[PDB]
Every structure is written in C-alpha cells, then in structure tokens.
Amino acid sequence: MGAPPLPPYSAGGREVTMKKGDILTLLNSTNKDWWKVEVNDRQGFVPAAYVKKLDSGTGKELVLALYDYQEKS
Numbered sequence: 001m002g003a004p005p006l007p008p009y010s011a012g013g014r015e016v017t018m019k020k021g022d023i024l025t026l027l028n029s030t031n032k033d034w035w036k037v038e039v040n041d042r043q044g045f046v047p048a049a050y051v052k053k054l055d056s057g058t059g060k061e062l063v064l065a066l067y068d069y070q071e072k073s
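Counting from 1, one number per residue, gives the positions in the sequence shown under the entry's author numbering.
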C-alpha cells in the first residue's frame, strides 16, 4: 500500500491483477511506465511503478509486485 499516482496515458487493452509480493513473468518492458507481464495464467500490462524487478542472483527475468493493484475501467 502507498503507491504513486498512475500515468497520464495508458497502454490500451487488457491488464492483469497483481498483489504485493507476487511474482509476475516479465514479457515486455518497452515502456518505462507500463510493463507487460504474466500472472495467474493471465497476460497483461501493469504499472512498473507499482512493481519492481527481482534479480538477486538467479538470472531468470522475474519481477515482484510492491503494491496491490486491480483492473478498473
């Protein structure tokens, strides 16, 4: 809890629910605000500002969520 404000623009499509401490499979990071990952067998784009890559020394490209977020339109 206690995450920053969302960006002005938006990717434009379907997203994926993320929870604080969840490991989402990084797919695309072309954007510095929206990162496309896969969680709960679902692919979508989430705000990187809410999550944070996890590379302590494993090699695999995985990112951990910092703040809980849920799709809302």
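Every residue, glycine too, gets a C-beta built ideally from N, C-alpha and C.
For residue i, which of the options has the nearest alpha-carbon?
i, options, result
"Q70", "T17, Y50 and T30", "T17"
"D33", "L54, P8, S73 and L27", "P8"
"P4", "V51, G44 and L62", "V51"
Distance check for residue j and residue i, CA to CA, integer angstroms please.
i, j, result
"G13", "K36", "11 Å"
"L6", "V46", "10 Å"
"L54", "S73", "29 Å"
"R42", "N28", "14 Å"
"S56", "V39", "20 Å"
"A48", "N31", "9 Å"
"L24", "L62", "6 Å"
"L26", "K19", "15 Å"
Give the DSSP bridge partners of residue i, in chain order.
i, result
"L26", "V37"
"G44", "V37"
Whose C-beta lies closer than 8 Å to the C-beta of residue i among residues of the same chain, with five residues either side of it excluded?
i, result
"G21", "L64 and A65"
"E15", "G44, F45, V46 and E71"
Using a Cβ-Cβ cut-off of 7 Å (strictly less than) and excluding sequence neighbours within five positions of residue i, which residues of its own chain qualify?
i, result
"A11", "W34 and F45"
Kindly list the residues whose CB is nearer than 6 Å to the CB of residue i, restricted to its own chain and excluding five residues on each side of it in sequence; keep chain order.
i, result
"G2", "none"
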